[PDB]
Structure formats: C-alpha cells, structure tokens
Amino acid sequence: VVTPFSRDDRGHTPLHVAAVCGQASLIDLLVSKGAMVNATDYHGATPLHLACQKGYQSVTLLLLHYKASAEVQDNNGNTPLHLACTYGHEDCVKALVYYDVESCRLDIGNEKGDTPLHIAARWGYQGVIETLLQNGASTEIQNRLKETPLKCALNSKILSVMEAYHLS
C-alpha cells in the first residue's frame, strides 16, 4: 500500500506532490492513510504553500478542511497567504481569509517584514487588496525598510483604493 511518510531529497512527501498536481482524490486518500498535513519540505514549504502558489482553490480548501495550518512559514518567512498574495490568486486568498471564523491573522510579517497587504500593494492586485482590507488588514504596520502598505502601493490608483478604507 501507500507510504505517505515517504520523502525525497527535497523533503517532498506524496502529499506535497498531490498538492502541486491538484490531485484532490489523492489528497483524500493520503490523508486517510496517515499523511502529515503540515509536513514541511526542505525549504519550509507546506503542501498548502504549494496549493496557494499554484492557485488551486479546491486543494487549498481541502487541505484546510483536513486541518492544515495557514500560519506556517517557509525559509522566506512566508505563510501560504503571502504566497497567494504574491501571485495574485484572489480565489485562494479568500479561502484562507474566510475558512476559519477566527479568521487568518494578516499581521504576520515575512523575512522582509512584509505582511500580505504589503505584498498585495506591491504587485498591485486590487481584488486581493480589497478582500484583505475588508477583513481588517492594517494599513500602518511597517515593513523592515520602514515602509507601510500605502508606501508599497503600485500606482496612485491602488494607493487611493487603500486610502478609502484607512479613513473609515
């Protein structure tokens, strides 16, 4: 039968492989057979991290269902939510923000001190930015280089979208 604790030399379990392929029935099976959901690969990446970078919302939710943790940090200090913010997958960003009614933290800084809202401002993903703001994302909280999320905004458009909220 399946050995769900099997590793390769980058620390990829089968459950990591299932995540990055989107194969959700595989996930069901692997979890059912023992697989460690918050297994970390050689650079600190959870299968949830892989789902949130590929943008598979289906898998992201299925993992969170099977009690994956969203607060795990990779070598770069990134949660899965950071990774979904850097690659703009708002469908995944939402799954994370809403899965748990004690909702995702949002103040967690990576190695560069960037919260998810910084990252979202940087690459200019508006829908993401909004979703985050709607759920309480701080606009002051200050990255390592002493920047706020406003500071990080791409253009005057995105900037003003954020300022909208700040004032409220």
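Start at 1 and count along the sequence shown; that's the residue number.
- Mean C-alpha B-factor is higher over 93 to 101 than over the other stretch, the pair under comparison being 75 to 83 and 93 to 101.
- Annotation for 1 to 9 versus 157 to 165: the higher mean temperature factor (C-alpha) is found in 157 to 165.
- Within the selection 47, 44, 124, 113, the deposited Cα B-factor values reach their highest point at 124.
- Among all modelled residues in its chain, residue 60 ranks in the lowest third by Cα B-factor.
- In the deposited entry, the Cα temperature factor of residue 132 sits in the middle third of values across the chain's modelled residues.
- When the modelled residues of the chain are ordered by their C-alpha B factor, residue 21 lands in the middle third.
- Ranked by C-alpha B-factor against the other modelled residues of its chain, residue 69 falls in the middle third.
- In the deposited entry, the Cα temperature factor of residue 53 places it in the middle third of its chain's modelled residues.
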